């Protein structure tokens, strides 16, 4: 018998540990690092050359059944064909909305199998990391495997490295960005699990006012591309997800003129961390390295 109380407070109870797990791609990726296999995934999974998306982590993308290959896409008939026993995903709000389960078919999807939500709303990264760990352990993963304990040890060291970098270089201003054709979005730290944790470790972020973020209920500010120099920044961390324009591909002239861009002080941000200690370690090391070696340029 298997039971798990999720971050909505809902307890799923099944007569045996589910063999037919379907998960958001990034959740499947986290589970994979603890030795838990999933049967189906939905989300950014492969890129247009067939390579694994960043959100697929170390998943064997050929082996799994891909039900949707972008956010908000999940073929209901194909899902049903997997004899799904549980659906696992993240949640980004108070309501417990199941992330990436299509709004139009979410009721049909719910009929086929119970769901488990792990919240990545308004808390530091360490919380959903612990809750993903608990979920994996409830599914029979060996949490005392060398690979798992090594990953947790490395994460802790990386967190210490970032704390030291932020304390050693207090002048370095970090801007969290995401590019689209219409708009350049600047995230504040509040509400995001990665940025809340990085802030708690002492990183100096550019913070749009609450007033500037109110159109998204506090998540981010939308800027016209001509106003992307509004906030002076030394390091820019850019959204890496498939829905967004990657920094190497941005052609807008204002972007190209930013001091941090000219100095080569742009790195990746993963606004949807894969919730394993393994996949969150480079988030910490990458940011620490950017801060360690950044010049003040903004």
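Positions refer to the first chain, counted from 1.
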property	result
Higher-scoring stretch by recorded Cα B factor average, 139 to 147 or 208 to 216	139 to 147
Of 121 to 129 and 101 to 109, the stretch whose C-alpha atoms average the higher B-factor in the entry	101 to 109
Residue with maximal Cα B-factor (values as given in the PDB entry) among 156, 196, 221, 85	156
Residue, from 14, 284, 23, 275, that the PDB entry assigns the highest Cα B-factor	14
For residue 177, the third of its chain into which the C-alpha B factor falls	lowest
Chain-wide C-alpha B factor ranking for residue 187, given as lowest, middle or highest third	lowest
Third of the chain, ranked by Cα B-factor, where residue 42 sits	lowest
Assigned third (lowest, middle, highest) for the C-alpha B factor of residue 257	highest
Record-listed C-alpha B factor of residue 116: chain third	lowest
